[PDB]
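For reference, the structure discussed in these notes is given below.
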Amino acid sequence: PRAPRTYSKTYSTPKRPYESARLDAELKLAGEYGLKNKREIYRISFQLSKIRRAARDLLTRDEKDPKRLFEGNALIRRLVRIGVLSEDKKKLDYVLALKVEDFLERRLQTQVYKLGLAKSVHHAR
Amino acid sequence: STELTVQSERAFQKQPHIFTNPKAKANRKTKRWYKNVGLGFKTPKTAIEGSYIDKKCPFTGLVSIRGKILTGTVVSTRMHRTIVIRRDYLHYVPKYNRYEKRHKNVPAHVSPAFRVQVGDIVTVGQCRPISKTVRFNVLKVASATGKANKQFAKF
Amino acid sequence: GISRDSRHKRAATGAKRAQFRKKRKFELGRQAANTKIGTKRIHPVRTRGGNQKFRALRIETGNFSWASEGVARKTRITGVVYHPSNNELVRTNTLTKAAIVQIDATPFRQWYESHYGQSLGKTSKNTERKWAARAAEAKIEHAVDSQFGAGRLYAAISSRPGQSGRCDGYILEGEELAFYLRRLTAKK
Amino acid sequence: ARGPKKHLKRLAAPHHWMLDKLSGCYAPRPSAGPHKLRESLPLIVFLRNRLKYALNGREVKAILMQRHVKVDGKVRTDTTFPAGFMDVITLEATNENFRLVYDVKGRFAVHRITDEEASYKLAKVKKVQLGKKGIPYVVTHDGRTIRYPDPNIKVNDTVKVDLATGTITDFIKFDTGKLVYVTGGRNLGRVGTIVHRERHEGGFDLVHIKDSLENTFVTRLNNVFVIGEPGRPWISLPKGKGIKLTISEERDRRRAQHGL
RNA sequence: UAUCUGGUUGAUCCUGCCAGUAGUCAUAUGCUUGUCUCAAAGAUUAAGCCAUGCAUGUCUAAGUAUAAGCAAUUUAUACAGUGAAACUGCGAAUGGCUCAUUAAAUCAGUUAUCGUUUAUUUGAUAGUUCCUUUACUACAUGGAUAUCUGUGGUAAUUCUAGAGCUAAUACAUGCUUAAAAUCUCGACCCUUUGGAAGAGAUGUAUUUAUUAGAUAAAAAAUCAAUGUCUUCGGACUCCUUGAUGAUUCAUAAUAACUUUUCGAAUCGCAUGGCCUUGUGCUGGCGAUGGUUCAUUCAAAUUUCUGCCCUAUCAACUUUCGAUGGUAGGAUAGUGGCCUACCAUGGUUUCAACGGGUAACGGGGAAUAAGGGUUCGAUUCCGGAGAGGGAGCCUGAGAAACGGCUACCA
RNA sequence: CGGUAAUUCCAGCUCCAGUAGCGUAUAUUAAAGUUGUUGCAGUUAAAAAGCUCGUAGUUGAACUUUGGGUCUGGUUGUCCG
RNA sequence: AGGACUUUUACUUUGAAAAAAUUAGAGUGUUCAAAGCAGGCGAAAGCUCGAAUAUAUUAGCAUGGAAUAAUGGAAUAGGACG
RNA sequence: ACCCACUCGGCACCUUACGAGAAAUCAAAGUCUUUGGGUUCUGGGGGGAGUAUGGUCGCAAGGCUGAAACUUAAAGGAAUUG
RNA sequence: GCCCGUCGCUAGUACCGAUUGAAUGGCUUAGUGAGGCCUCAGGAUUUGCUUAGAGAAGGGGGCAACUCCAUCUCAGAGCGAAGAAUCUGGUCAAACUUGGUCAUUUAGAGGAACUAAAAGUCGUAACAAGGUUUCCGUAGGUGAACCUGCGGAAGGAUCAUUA
Ligand SMILES: [Mg+2]
Ligand SMILES: [Mg+2]
Ligand SMILES: [Mg+2]
Ligand SMILES: [Mg+2]
Ligand SMILES: [Mg+2]
Ligand SMILES: [Mg+2]
Ligand SMILES: [Mg+2]
Ligand SMILES: [Mg+2]
Ligand SMILES: [Mg+2]
Ligand SMILES: [Mg+2]
Ligand SMILES: [Mg+2]
Ligand SMILES: [Mg+2]
Ligand SMILES: [Mg+2]
Ligand SMILES: [Mg+2]
Ligand SMILES: [Mg+2]
Ligand SMILES: [Mg+2]
Ligand SMILES: [Mg+2]
Ligand SMILES: [Mg+2]
Ligand SMILES: [Mg+2]
Ligand SMILES: [Mg+2]
Ligand SMILES: [Mg+2]
Ligand SMILES: [Mg+2]
Ligand SMILES: [Mg+2]
Ligand SMILES: [Mg+2]
Ligand SMILES: [Mg+2]
Ligand SMILES: [Mg+2]
Ligand SMILES: [Mg+2]
Ligand SMILES: [Mg+2]
Ligand SMILES: [Mg+2]
Ligand SMILES: [Mg+2]
Ligand SMILES: [Mg+2]
Ligand SMILES: [Mg+2]
Ligand SMILES: [Mg+2]
Ligand SMILES: [Mg+2]
Ligand SMILES: [Mg+2]
Ligand SMILES: [Mg+2]
Ligand SMILES: [Mg+2]
Ligand SMILES: [Mg+2]
Ligand SMILES: [Mg+2]
Ligand SMILES: [Mg+2]
Ligand SMILES: [Mg+2]
Ligand SMILES: [Mg+2]
Ligand SMILES: [Mg+2]
Ligand SMILES: [Mg+2]
Ligand SMILES: [Mg+2]
């Protein structure tokens with residue numbers, strides 16, 4: 001009897017596993033950024049879904065409400081610190097507008113590729 | 001439901017450790033001990049000058065009132081020195097957002113100082129376990145009749 | 001092994017409760033003392049948390065108090081004449097609380113004689129002046145004088161010989177005594 | 001269980017000892033003492049965790065054994081001694097003196113407090129009774145039984161034990177408009193002034209408290225500890241004085257007072 | 001984390017289910033399997049049975065040392081060092097495991113104990129043990145007893161009988177030791193306002209009677225009794241009383257009671273000061289005890305409300321306690337908890353009672369537009385149990401089972 | 001699907017899905033507006049008791065001070081200091 | 001701070017309470033993450049901010065409101081005041 | 001007794017969709033995804049089956065209550081063309 | 001075209017079921033009742049107070065009441081105190097025997113079925129006016145579907161006779 005530490009899942013497979021357009025989009029995103037599996041896209045989509053759930057929950061709350069202010073600006077500052085949300089749109093309504101490709105872009109893979117010290121995405125990997 | 005004799009049973013009925021001195025010539029009725037249960041509850045005059053004994057009287061007996069205070073309606077006054085009170089309430093089923101009429105039967109011990117009958121709403125108070133099932137002592141008969149205060153009609 | 005838990009009793013409704021747990025030690029009940037008269041024999045019992053209890057079976061003499069003038073004296077219990085719970089204890093001379101017994105009554109008698117000196121049943125100047133100050137206020141009622149002439153006092157025990165081990169009580173006196181004579185005259 | 005329980009599993013320890021949920025199956029169960037274990041603080045927690053003077057159990061044992069800890073002027077060489085609220089912990093090494101007062105987050109904060117005032121202690125009167133031979137006595141929250149108190153000292157009141165002789169030096173009478181501390185519930189560590197004390201015939205008194213920031217709350221009377229007169233506390237209040245800044249105000253404090 | 005698709009027809013629109021789909025701290029299983037971190041894990045059927053080995057013993061400067069054990073050297077004529085064994089003390093009732101029993105039962109939230117026990121920890125806490133004190137051990141009272149020395153028994157077990165010494169914070173006894181005041185009983189006098197030599201008891205503990213434990217507010221007269229002073233008219237002016245919401249409470253007082261509890265015949269270190277310069281008088285810091293009252297760890301009960309399916313379970317309970325009354329017994333304490341005598345009562349269509357649960361309750365888990373559905377044997381809190389049953393010693397705490405007694409298997 | 005040209009069986013080739021994981025079985029949740037309080041249907045698809053009375057349950061007509069005037073405190077958007 | 005009478009509810013706002021772990025969620029480069037409750041900064045000469053919050057929808061307690069829903073007054077006046 | 005006009009109540013009827021339905025059709029089967037006036041009973045694919053069993057009513061006939069094991073990918077409703 | 005039942009064959013499922021079955025468990029009448037606890041007794045042994053008379057040889061520190069002594073030592077006898085076996089009555093009550101009862105499993109001769117398997121047999125009831133319109137309730141009959149009688153109903157093959 002020792003206090004457990006909580007493992008938790010970090011992805012969620014889609015319910016329709018066999019969508020042609022979605023499969024093609026997933027392969028596009030895998031080839032663009034050299035993702036090993038399609039579990040990577042699922043993980044980014046899960047992170048984005050958690051972010052959107054928090055954003056929508058805070059949006060439902062009334063404007064100028066301590067909960068709204070505190071955690072909304074906390075999430076805003078966290079996302080701009082990550083870099084996915086541009087400084088222009090720190091409004092918590094453009095948070096709902098982020099796409100999975102945005103978080104894909106901030107990976108150390110793509111950043112090493114952008115800096116140019118790696119000349120290919122797979123070379124960066 | 002109260003015997004005319006102030007003691008009717010085999011054992012003598014006295015309030016324990018309150019003694020009236022017969023060698024003295026005051027010759028009052030007796031030395032009757034009493035107390036007020038507090039909470040702004042008026043001790044009944046029928047208890048203040050009564051001649052019953054009722055070991056479990058909140059006003060004259062050893063029992064003390066403390067804890068819950070429950071208001072209910074008398075449903076059975078026809079078992080000796082004791083009352084059966086119907087407490088009604090509404091249980092909130094949340095799966096339907098709907099309430100549900102429910103009732104519980106609380107036994108209690110009404111002192112002879114009170115005159116109760118089927119239908120009187122009663123304020124009752126918690127005390128020690130008096131019997132297997134009674135744990136409350138009747139403290140006030142709010143509605144003596146309710147709708148029987150005026151009975152006849154003579155213009 | 002005698003339990004006093006509420007589990008074995010039926011519910012207020014009347015359902016037969018199933019056995020929830022085997023009876024504990026903090027629910028035990030011990031054998032009745034059912035004390036007797038003669039040859040003092042008190043047995044200690046070690047109860048919960050130490051706290052010696054004293055079973056007072058076979059008890060002959062004990063303290064008894066007189067409330068009117070309020071004086072207590074050691075005196076002998078001589079039989080039991082009434083018990084408000086079970087007359088079987090009276091027939092078996094079992095002495096428990098609230099039982100009604102007879103008293104040798106001598107110690108009260110010469111205490112009265114050395115205290116008022118009224119010669120029931122029919123010196124230094126200090127004592128004489130004390131008696132004069134008393135001014136015959138000892139007008140104690142007639143029935144106690146009747147049993148004083150009889151010689152045996154009517155006392156009701158108040159101590160619990162089963163628990164305490166003592167045999168203390170008080171004389172019936174005032175309307176008290178009256179009531180019990182009625183009951184005794186019912187027996188008579 | 002048949003008899004007393006002598007083990008305190010780590011998760012079951014109070015969230016104010018605020019230990020590590022890992023790195024141990026059990027937690028120090030405070031031995032019987034002057035304070036409730038839920039409200040107290042074991043010496044091992046105060047030294048190993050709060051002060052970091054030690055490293056583990058053996059080090060705390062060695063510290064306590066050599067008689068450097070002095071709880072309220074007494075040695076208290078047992079590892080799990082329940083050093084509770086307002087007790088004084090003296091270490092002649094480092095000549096340091098601590099008084100246990102909750103920080104407004106509601107925790108036993110480390111309060112380095114001066115030697116001169118470390119001579120005395122404050123206490124709440126929990127009972128005033130008449131013991132044998134008609135001798136009046138007063139029971140404080142520590143369980144200290146002070147004999148022959150001032151005749152008009154009443155319950156819920158506060159007293160200033162000299163902590164050397166262990167007798168009564170001065171006392172403060174409970175009434176409205178008086179500086180006060182809170183010792184339970186959501187309002188842990190909060191300090192304010194008594195605005196009103198609603199009686200509630202039948203039990204469970206309540207008092208309303210207004211702090212310096214002009215915020216108002218209400219707390220149970222068992223939960224209340226008068227600490228002095230407004231503007232003149234009888235002890236040295238910890239850093240922050242228990243104003244309970246809002247989470248956004250705490251964030252503004254982090255942002256504003258910031259130097260690296 | 002608000003989505004649907006294939007199948008009845010020659011073809012269509014439906015109702016409908018089957019199937020598909022994605023989960024699952026839901027397991028099992030198949031095929032594969034390189035790394036780091038992390039981790040469940042004989043719960044489901046069998047709370048079925050168990051070989052074997054461990055799972056609880058404990059010594060500080062400070063209870064007991066004559067091991068004929070070790071050290072015998074710088075500390076050693078009683079003893080000091082270290083230290084087996086054993087007596088003493090304390091824990092062994094914590095912890096760990098399982099979910100069999102249990103459906104107002106457990107449990108959760110919320111109350112109560114002015115209804116009780118509580119080792120320990122912490123804070124306080126007692127002159128009286130004298131009993132006629134003008135004859136006593138208080139510079140220290142007695143006897144056993146283990147360990148050990150030796151003789152055995154049994155095939156064997158933590159089996160121990162006989163003999164011989166020996167100790168205690170073990171078992172027994174028992175001493176001081178003041179004063180004061182209050183109660184009671186009188187060798188006398190001198191005519192009242194009567195007032196006084198003097199003698200015994202009173203700590204606490206237990207038991208029982210009685211009393212005090214007050215209190216809304218200004219004056220009177222009066223007879224009856226009789227107290228102080230009287231500057232002999234008469235004035236009586238002064239009366240003390242804590243807490244809660246409430247008490248017969250806290251506490252105090254009187255009378256008594258007890259096969260008479262406690263009130264230190266105990267250990268370590270340092271051994272100072274006074275000179276009444278002697279082993280004399282005092283004297284510090286602790287360690288164990290020790291009565292009571294608190295506090296803490298608690299423990300028992302306890303109020304309101306909340307439980308899954310079932311009527312192919314509608315009346316259930318009481319001679320054997322069912323509901324209540326009274327008194328007693330027992331209880332640590334309230335309580336039909338048990339007894340004696342009375343009353344005939346209590347629950348129920350708002351589902352009582354009965355039956356089922358492959359039901360331990362809960363905090364929680366999965367699932368997720370919102371509402372919900374299912375699960376919760378298991379890391380925390382409670383409860384119960386040690387093969388099934390009962391019974392009990394020791395203690396503060398057990399109906400204990402790595403404690404005993406008996407029956408059944 | 002398989003009855004002599006099998007896009008479905010056994011293989012080879014190519015490809016697809018997840019990928020150190022994937023496949024099966026039972027159970028369960030969303031899908032299930034196929035449990036429907038939010039939120040189901042009853043003419044014919046399953047389903048209005050043959051009809052009426054009736055205790056409990058559920059539900060139950062309207063009506064008992066609405067206006068105004070002033071002062072005054074915070075919070076806003078005001079115009080600008 | 002005291003005697004005095006209190007129609008009683010249902011309802012709803014606020015607060016005290018609903019153990020920790022878990023869920024939510026703030027801070028924090030465990031190399032990221034699952035996690036964890038850590039850590040950060042000095043010149044390196046001890047100085048430090050933390051260990052946030054919310055929710056639990058039932059029962060109980062306090063509190064403000066009086067629409068909605070229910071009960072009760074005075075019909076024999078035995079009614080209310082002086 | 002008719003005639004004209006009006007009204008209340010009843011068995012009904014014609015037209016129509018501007019509403020509802022899968023439609024046949026309905027002036028209620030409308031006022032239902034813009035979902036809540038009160039309330040009772042019933043159904044959850046077909047078959048087994050309104051069968052067995054257990055109650056209960058009946059003289060009997062039979063009535064009321066009333067499953068499962070198992071099997072099955074449909075059974076069924078309205079309408080269109082043959 | 002579609003389809004209905006009887007009889008015939010095969011596998012499975014379920015039911016009834018005489019056998020007055022069998023096991024287990026639950027209670028339970030009646031009769032026994034271990035062991036603990038309490039109590040009535042009892043009294044091996046261990047002891048203390050006593051003068052209870054001896055040898056002991058100053059068995060006091062003065063031939064003698066040792067100028068007795070915690071003196072050697074048993075008949076003493078009493079008074080205690082502890083006190084084992086045993087034992088009286090209860091009390092908690094496990095469990096045993098005996099039947100009774102219920103519940104679950106459990107066989108079981110035989111009987112009545114229902115499914116699936118559709119290339120068996122006898123008819124052809126129904127779907128069209130199914131060639132007697134259909135169906136419902138009830139009763140009778142018969143190889144079988146079904147037929148008939150009496151009331152209904154259209155889900156009818158008529159929404160229609162002021163011809
Ligand atoms: Mg345990
Ligand atoms: Mg949905
Ligand atoms: Mg069809
Ligand atoms: Mg087809
Ligand atoms: Mg499916
Ligand atoms: Mg490596
Ligand atoms: Mg198992
Ligand atoms: Mg030991
Ligand atoms: Mg040593
Ligand atoms: Mg049940
Ligand atoms: Mg009194
Ligand atoms: Mg008292
Ligand atoms: Mg009683
Ligand atoms: Mg469960
Ligand atoms: Mg079970
Ligand atoms: Mg569980
Ligand atoms: Mg299980
Ligand atoms: Mg547990
Ligand atoms: Mg147990
Ligand atoms: Mg086993
Ligand atoms: Mg012990
Ligand atoms: Mg046991
Ligand atoms: Mg074991
Ligand atoms: Mg154990
Ligand atoms: Mg044993
Ligand atoms: Mg081919
Ligand atoms: Mg449907
Ligand atoms: Mg049809
Ligand atoms: Mg139909
Ligand atoms: Mg109908
Ligand atoms: Mg009705
Ligand atoms: Mg209305
Ligand atoms: Mg929590
Ligand atoms: Mg998290
Ligand atoms: Mg069906
Ligand atoms: Mg059918
Ligand atoms: Mg039948
Ligand atoms: Mg058709
Ligand atoms: Mg067959
Ligand atoms: Mg016997
Ligand atoms: Mg033919
Ligand atoms: Mg035909
Ligand atoms: Mg035909
Ligand atoms: Mg024809
Ligand atoms: Mg024909």
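Here the Cβ positions follow ideal geometry from the backbone for every residue, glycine too, while neighbour counts run over all protein chains shown. What follows draws every value from the coordinates through simple rules; no lab data is involved.
Straight-line cross-link reach from C:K139 at under 19 Å between alpha-carbon atoms covers these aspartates and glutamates, not counting any fewer than eight positions away in the same chain: C:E69, C:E113, C:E128, C:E173, C:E175, C:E176.
Of D:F225, B:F12, the sequence from fewest to most neighbouring Cβ atoms within 10 angstrom is B:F12, D:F225. In the elastic network of chain B, a GNM with C-alpha springs shorter than 10 Å, the most mobile of B:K35, B:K104, B:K140 is B:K104. Taken as Cα centroids, the range A:45-83 and the range C:13-67 sit 72 Å apart, rounded to the nearest whole angstrom. Other residues within the sphere of radius under 12 Å centred on the Cβ of A:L108, judged by their own Cβ, net out at +3 (K and R +1, D and E -1).
Tell me the Kirkwood hydrodynamic radius of chain C in angstroms, computed as one over the mean inverse distance between distinct C-alpha pairs. Intermediate results must be reported in sequence, preceding the final value.
On the way: mean 1/r = 0.0512 Å⁻¹.
For chain C, inverting the mean 1/r across all distinct Cα pairs yields 19.5 Å.
For the residues A:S45, A:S12, A:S86, a GNM of chain A with alpha-carbon springs under 10 Å puts the largest fluctuation on A:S86. The alpha carbon radius of gyration of the range D:174-244, expressed as a multiple of 2.2 N^0.38 Å, is 1.03.
Where only DSSP H runs of four or more residues are counted, chain B gives -500 deg cm²/dmol as its mean residue ellipticity at 222 nm, each run worth -39500 (n - 2.57). Farthest towards the positive end of the charge dipole of the range C:1-136, among the residues C:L28, C:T96, C:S68, is the Cα of C:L28, using unit charges on the Cβ of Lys, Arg, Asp and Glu. P(r) tail, the range A:17-125: Cα-Cα pairs separated by more than 17 Å, 60% of all pairs. Counting only Cα atoms, the protein assembly as shown measures 136, 78, 63 Å along its principal axes, largest extent leading. Between D:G131, D:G203, D:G143, the residue with the greatest mean-square fluctuation in the GNM of chain D (Cα pairs under 10 Å linked by springs) is D:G203. When each of the peptides D:169-181, C:138-150, B:86-98 is scored by how many other beta carbons lie within 10 Å of its residues on average, the order from highest to lowest is D:169-181, C:138-150, B:86-98. Other residues lying with their Cβ under 11 Å from the Cβ of D:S236 contribute a combined charge of +2, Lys and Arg counting +1, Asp and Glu -1. Applying 1/(1 + (r/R0)^6) with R0 = 45 Å to the Cβ-Cβ distance of A:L23 and A:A118 gives a FRET efficiency near 0.95. Give me the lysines in straight-line cross-link reach of C:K16: C-alpha distance below 26 Å, same-chain residues under 8 apart excluded. Cα-Cα hits under 26 Å: B:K104, B:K132, C:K25. Within the range D:121-171, the proportion of Cα pairs with more than 14 Å between them is 41 percent.
Compactness check for chain D: Cα Rg over 2.2 N^0.38 Å is 1.06.
So what are the range C:106-151's ellipsoid semi-axes, whole angstrom, largest first, if each one is the square root of 5 times an eigenvalue of the alpha-carbon gyration tensor? Don't jump to the answer; show the numbers that get you there.
Numbers: eigenvalues 93, 28, 10 Å².
They are 22, 12, 7 Å, listed largest first.
For chain B, the relative contact order is 19 percent, taking Cα pairs closer than 8 Å that sit 6 or more residues apart in sequence and dividing their mean separation by the residue count.
Using the number of other C-beta atoms within 10 angstrom as an exposure proxy, rank B:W33, C:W66 with the fewest first.
The most exposed by this proxy come first: B:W33, C:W66.
What 222 nm value per residue comes from the helices of chain A, counting each DSSP H run with n ≥ 4 as -39,500 (n - 2.57) and dividing by all residues, nearest 500 deg cm²/dmol? -17500 deg cm²/dmol, from helical runs alone.
Looking at the protein assembly as shown, what % of its DSSP beta bridges pair antiparallel, to the nearest 5? Provide the component values of the computation, followed by the final result.
Values: 99 of 102 bridges.
Here the antiparallel bridges make up roughly 95 percent for the protein assembly as shown.
Based on Cα contacts under 8 Å between residues 6+ apart, the range D:1-116 shows a relative contact order of 21 percent. Its relative contact order, with pairs defined as Cα atoms under 8 Å and 6+ residues apart, puts the range C:1-62 at 28 percent. Maximal additional length on extending the B:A11-B:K45 stretch stands at 9.6 nm, based on 0.36 nm per residue less the C-alpha distance.
A simple spin-label model places the labels of B:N21 and A:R77 8.4 nm from each other, with each point 7 Å out along Cα-to-Cβ. Rounded to the nearest whole Hz, the Karplus-based 3J(HN,Hα) values (6.51 cos²θ - 1.76 cosθ + 1.60, θ = phi - 60°) of the range A:64-78 follow the sequence 6, 10, x, 4, 4, 3, 4, 6, x, 6, 4, 5, 4, 5, 5, with x at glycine and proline.
With just the Cα atoms defining each centre, how far is the range D:78-141 from the range D:202-256? Give it in Å. For the range D:78-141 versus the range D:202-256, the Cα centre distance is 20 Å. Modelled label positions at D:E198 and C:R109, each set 7 Å beyond Cα in the direction of Cβ, lie 7.2 nm from each other.
Peptide B:13-25 has a mean of 4 when you count, residue by residue, the C-beta atoms of other protein chains within 10 Å of its C-beta. Among residues other than B:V118 with Cβ under 11 Å from its Cβ, the summed charge is +1 (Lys and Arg +1, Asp and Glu -1). If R0 equals 60 Å, the separation of the Cβ atoms of B:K140 and A:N37 corresponds to a calculated FRET efficiency of about 0.20. Full extension of the chain between D:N215 and D:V75 yields a length gain of 46.3 nm, computed as 0.36 nm times the residue separation minus the alpha carbon distance.
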